[PDB]
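Undergrad: A single structure is presented below for examination.
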Ligand SMILES: *[C@@H]1O[C@H](CO)[C@@H](O[C@@H]2O[C@H](CO)[C@@H](O[C@@H]3O[C@H](CO[C@H]4O[C@H](CO)[C@@H](O)[C@H](O)[C@@H]4O)[C@@H](O)[C@H](O[C@H]4O[C@H](CO)[C@@H](O)[C@H](O)[C@@H]4O)[C@@H]3O)[C@H](O)[C@H]2NC(C)=O)[C@H](O)[C@H]1NC(C)=O
Ligand SMILES: *[C@@H]1O[C@H](CO)[C@@H](O[C@@H]2O[C@H](CO)[C@@H](O[C@@H]3O[C@H](CO[C@H]4O[C@H](CO)[C@@H](O)[C@H](O)[C@@H]4O)[C@@H](O)[C@H](O[C@H]4O[C@H](CO)[C@@H](O)[C@H](O)[C@@H]4O)[C@@H]3O)[C@H](O)[C@H]2NC(C)=O)[C@H](O)[C@H]1NC(C)=O
Ligand SMILES: *[C@@H]1O[C@H](CO)[C@@H](O[C@@H]2O[C@H](CO)[C@@H](O)[C@H](O)[C@H]2NC(C)=O)[C@H](O)[C@H]1NC(C)=O
Ligand SMILES: *[C@@H]1O[C@H](CO)[C@@H](O[C@@H]2O[C@H](CO)[C@@H](O)[C@H](O)[C@H]2NC(C)=O)[C@H](O)[C@H]1NC(C)=O
Ligand SMILES: *[C@@H]1O[C@H](CO)[C@@H](O)[C@H](O)[C@H]1NC(C)=O
Ligand SMILES: *[C@@H]1O[C@H](CO)[C@@H](O)[C@H](O)[C@H]1NC(C)=O
Ligand SMILES: *[C@@H]1O[C@H](CO)[C@@H](O)[C@H](O)[C@H]1NC(C)=O
Ligand SMILES: *[C@@H]1O[C@H](CO)[C@@H](O)[C@H](O)[C@H]1NC(C)=O
């Protein structure tokens, strides 16, 4: 059924499977060859010396077009899809590419492959918002200082495991094409071995929007028109459901969201389902599914609230409390009968009719309300019974409209 | 398409077609020739006088057998299908033949076709139940008194059109064979001209199982073996669906039932369909199909109940009422938010969340029970606002977790 | 209302301005007419009486 629940349906952490994320989507870029139709020359190294070929780029030529689909189409190791930029541009200028997401994720794999040489200076960005704010992730350059004001290959301090390092690693050529960049966000991080309890890393993995800008690329000649090019992209990940959804589905307004199980809500299972507020929302752990939990109303309310001191002083047990206790019920669990009514002790603890009116004897009973727990109306001297109507043993009814029951001498 | 809806899809009375009923069925009888093999003699009149032949019956002889299928089979008026009983029998004895249908029907024509002379005394029965109770319809005899204790050619009183008449009419022979039976219950009835509004006659036509017993018969000569024989049976009718099904179909357990349209239930469309408890069940009329109608919850229940006085006091309009009137809704139409909630005015009357809570400011509002009319939360002192959150003119917010807003002199 | 339908509102920015007769020399007004993007927001509408109707 649902991997969110164990053999005996015991709630267990469920995550959408590890998949590539950026496979097949559209990307808006800063520039690309072919507008106006552009040319491009291609060098190949033969043994020890050089040989320079050359071609052209019109996007209106589909086979000579290089759309962002070339970035998102499947990379056939036998039919590559090389996109190319316009030429005659370098540092200092923003070489920016765009991405429109819509579900928050945590990522493990980011794979790349080059049709151009690997430049030297580059950096990473991210946005935990929806395209408004932007923050970096790491740097890559030989001149980490003069270009990026960065130390090269810094250490990941425990006190800031969210370090943004810079290095010249894999900023070199060869490779002139098909370059491979191996980056694991988990590298160097001291608290990576237990990520489920690494919230800074659970925040270091938090990302919604992504931005990438270039400045510097290698020069070699030393006429030519220099460019940027790439055949495809791979980035693997899992849809962020906090362990509370086994997958992610579209919304009623066409929005891919987690099918948040374990009584969780929000596109990421970030919040609990409504009326699940006895203990706060938490992320499913291997030891505990840290689920949401409702308030108890004994089948007599649909709204409830909570106080931290309640759960706090509960010895960490419970803090829910219901609102608008109907069925003449009242309490944190709507668990007692109000003024005017009493508790039908015979009836179940959560029954819809557990409360009965204090039908107190307008003569034999005095108050209008009876024992809201038992139902005992004000029984007079020899009168007994819940609502106090009858005479007791040795008590005779009299036509007196005030004292009907009289003892025996 | 469906005769239950007109050219403009208007729901109209749709009816099973008029067909012969006893065509091809089987009957259990009182007795029959051939066990042991029986004999019978046949006389014929020549011009003015008689001439007598004679025959025999073996049931084990297929062509000398006379099965009851001969009454129900396609009877060729030139290759007749005569069933025969054992002989040496006459009144007084129950000469009864059986028939169980299993579904209620409406019948108009009853015809017979004889291979024997027409007797004098006979009677009718029927069963408005499944073969348990039995009531007659009319009688036929010369001595309606000596045999049936009845008058011959009785009158159809208007106050009891359920009269059972007896007459000697057409009890004559000839026909000695090939008897012609044409009986219309509607003849003589002054109120037969509009059957759609004759319920006693619509009860007079009500029949489930039928019983017929025979009696007195002619002796002419006057050695003899007397018997009875008949070539076929034809009875026309339409399947009783109260005008709420255009036909009748078999069930998953081989049971011919109406495909009850018009929101009706029962094998005969006798009652409303489940949840069709807004007004009671009725029969399709020529002016109006007097259809059933479900209860309303505005998409908030699957079960409901009904009370007539609601429809009665509605000026004859409606009486349906929810069962488990869900989705924070309430009423006979699940048509209002119960105690604690109010109307999500933005949503339609049937929205799953058409009802809105009171998310009142736990500090600035005095309770979470805002008036179900306006979303106005319980603002305490000179504080105003919908959830009672902000301060008002002359009210400065304070960090006191009791009284934020305070007047100014 | 009326109009309940087909209501005709013809805002003329030119109405009422005393120096509109010489707008060709009204640069602040020549800025008041400058516009690139437009936004229109509502909150309130009339009432009557007093989901029967689905007001929209
Ligand atoms: C971007 O890169 C692509 C692919 O490399 C190039 O695509 C070219 O697209 C044009 C479309 O205009 C193609 O031109 C083709 O050749 C014709 C040559 O002229 C004759 O035209 C007609 C016959 O078509 C004759 O009657 C006439 O006498 C000429 O002899 C063009 O004229 C045609 O284009 C015609 O089509 C459009 C509608 O599509 C009409 O409105 C016009 O009448 C127009 O003339 C014909 O389609 C050409 O085949 C493509 N080249 C390729 C595929 O290599 C683009 O050229 C390039 N961008 C630029 C700016 O060059
Ligand atoms: C009711 O009506 C039916 C239909 O008309 C009559 O049916 C008869 O059924 C019997 C059944 O046996 C038929 O008998 C048949 O004739 C044989 C005659 O015996 C001779 O057989 C050959 C010549 O045919 C000789 O060489 C031999 O030496 C005998 O002298 C019977 O012996 C047969 O009966 C055998 O058949 C049945 C299966 O059918 C077996 O189970 C037995 O072994 C049995 O011995 C043979 O079947 C006869 O033909 C039918 N008569 C008809 C059709 O007219 C009934 O007679 C009738 N009943 C009464 C009381 O009237
Ligand atoms: C290059 O740098 C950044 C993007 O990498 C852009 O930032 C601009 O900063 C100025 C500073 O006042 C703002 O006024 C602009 O609105 C920013 N541009 C935005 C937000 O798009 C800068 O524009 C880039 N220059 C380019 C792309 O030519
Ligand atoms: C003739 O009339 C009816 C059937 O047409 C029979 O009525 C029987 O009445 C007795 C009364 O105690 C019942 O116990 C039997 O069960 C009835 N029999 C039925 C209903 O079949 C009556 O017996 C018939 N005469 C006969 C069979 O000789
Ligand atoms: C790769 O696919 C494109 C798609 O049109 C095709 O034109 C091209 O021939 C393919 N490559 C090879 C080597 O066949
Ligand atoms: C209700 O009945 C019990 C029975 O002994 C009694 O002790 C109590 O005082 C009554 N009133 C309450 C619980 O308010
Ligand atoms: C009448 O029908 C029976 C049924 O089988 C058949 O045997 C008989 O030959 C038919 N009669 C004629 C005259 O065809
Ligand atoms: C709720 O709002 C209505 C709307 O004006 C008002 O008349 C009423 O007094 C308020 N309080 C209630 C219904 O308790």
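Numbers here mean position along the shown chain, with the first residue as 1.
For all residues, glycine too, the Cβ spot is worked out from N, Cα and C.
Here's the feature list from Swiss-Prot:
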CARBOHYD  B:58  N-linked glycosylation site
CARBOHYD  B:79  N-linked glycosylation site
DISULFID  B:82-B:115  disulfide bond
CARBOHYD  B:94  N-linked glycosylation site
DISULFID  B:239-B:248  disulfide bond
DISULFID  B:260-B:269  disulfide bond
DISULFID  B:272-B:292  disulfide bond
DISULFID  B:295-B:304  disulfide bond
DOMAIN    B:295-357  domain 'Laminin EGF-like 2'
DISULFID  B:297-B:322  disulfide bond
DISULFID  B:325-B:334  disulfide bond
DISULFID  B:337-B:355  disulfide bond
DISULFID  B:358-B:370  disulfide bond
DOMAIN    B:358-407  domain 'Laminin EGF-like 3'
DISULFID  B:360-B:377  disulfide bond
CARBOHYD  B:371  N-linked glycosylation site
DISULFID  B:379-B:388  disulfide bond
DISULFID  B:391-B:405  disulfide bond
Undergrad: Counting only residues 6+ away in sequence within the same chain, which have a CB under 8 Å from the CB of residue B:405 (disulfide bond)?
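TA: When sequence neighbours closer than 6 are ignored, residue B:405 (disulfide bond) has B:364, B:381, B:382, B:383, B:391, B:392, B:395, B:396, B:397, B:398 within Cβ distance under 8 Å.
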Undergrad: Using a 6 Å cut-off on Cβ distance, which of the disulfide-bonded residues B:297, B:334, B:379 come close to any atom of ligand 2?
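TA: The disulfide-bonded residues passing the 6 Å Cβ test: none.
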Undergrad: Given the disulfide-bonded residues B:115, B:297, B:322, B:370, B:377, which lie close to residue B:334 (disulfide bond), meaning Cα to Cα within 10 A?
TA: B:297, B:322
Undergrad: By DSSP, how many residues in the domain 'Laminin EGF-like 2' (B:295-357) are helix, how many strand, and how many coil?
TA: 6 helix, 16 strand, 41 coil
Undergrad: What Cα-Cα separation, expressed in whole Å, is found between residue B:355 (disulfide bond) and residue B:371 (N-linked glycosylation site)?
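TA: Answer for this pair: 13 Å between alpha carbons.
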Undergrad: Residue counts in helix (H, G, I), strand (E, B) and coil for the domain 'Laminin EGF-like 3' (B:358-407), per DSSP?
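TA: Within the domain 'Laminin EGF-like 3' (B:358-407) the tally stands at 0 helix, 4 strand, 46 coil.
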Undergrad: Once near-sequence residues are set aside, which residues in the chain of residue B:377 (disulfide bond), 6 or more away, have Cβ atoms under 8 Å from its Cβ?
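TA: Non-local contacts for residue B:377 (disulfide bond): B:358, B:360, B:361, B:365, B:366, B:367, B:368, B:370, B:385, B:386, B:387, B:388.
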Undergrad: Sequence gap of 6 or more, C-beta under 8 Å: which same-chain residues meet both conditions with respect to residue B:295 (disulfide bond)?
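TA: Set apart from residue B:295 (disulfide bond) by at least 6 residues yet with Cβ under 8 Å, we have B:275, B:276, B:277, B:278, B:301, B:304, B:305, B:306, B:320, B:321, B:322, B:332, B:333.
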Undergrad: Within 10 Å of its Cβ, which one of these disulfide-bonded residues (B:82, B:304, B:325, B:334, B:391) has the largest number of other Cβ atoms?
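TA: Per the Cβ count within 10 Å, the most buried is B:334.
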Undergrad: Give me the count of other Cβ atoms within 10 A of the Cβ belonging to residue B:322 (disulfide bond).
TA: 25
Undergrad: Nearest to residue B:260 (disulfide bond) by Cα, among B:79, B:94, B:115, B:272, B:379 (recorded positions)?
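TA: That would be B:272, nearest by Cα distance.
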Undergrad: What does the structure give for the C-alpha distance between residue B:79 (N-linked glycosylation site) and residue B:297 (disulfide bond)? Integer Å is fine.
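TA: It is 64 Å, counting Cα to Cα.
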